[PDB]
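**Student:** Need a 3D model of the sequence below.
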Amino acid sequence: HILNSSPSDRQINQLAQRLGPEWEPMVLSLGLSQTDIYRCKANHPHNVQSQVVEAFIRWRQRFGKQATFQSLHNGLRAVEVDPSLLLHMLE
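**Tutor:** Residues are numbered from 1 along each chain as shown. Here you go, the structure:
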């Protein structure tokens, strides 16, 4: 169920807080372009947190029904990041 649902604004903020610099390669693997990522940084010069949130918001808007927790799990694995991060986040 949850694995097939999309993260809420609150959940995207939690993911961004828990995530390190791997957020970049991760969103790249999820389908965002270098330019999308460049714009996220340009839009929030003094707030990395907001950059990461915007990135995942863009990913969620672009892939809609497919921008799910299952996808995030796959992304985390792609960037050699412990996917357990999601479990702790959802508990």
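**Student:** dump the residue contacts of residue 37.
**Tutor:** By Cβ atoms under 8 Å, 6 or more residues apart in numbering, residue 37 lies in contact with 24, 27-28, 55. All C-beta spots, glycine's among them, are computed from the backbone N, C-alpha and C.
**Student:** Where does it fall, secondary structure wise?
**Tutor:** Following DSSP states H and E, one finds residue 37 within helix 34-43.
**Student:** List the buried residues in stretch 40-51.
**Tutor:** Neighbour-count burial for stretch 40-51 flags 40, 50-51 (criterion: 16 or more other Cβ atoms under 10 Å).
**Student:** Assign the residue nearest the centre of the chain to helix, strand or coil.
**Tutor:** Nearest to the mean C-alpha position of the chain, by Cα atoms, centre = their mean, lies residue 56 at 4.0 Å. Following DSSP: H, G, I helix; E, B strand; the rest coil, we place residue 56 in the helix state.
**Student:** Surely it touches residue 13?
**Tutor:** No: contact criterion Cβ atoms under 8 Å: residue 56 and residue 13 do not qualify, at 9.1 Å.
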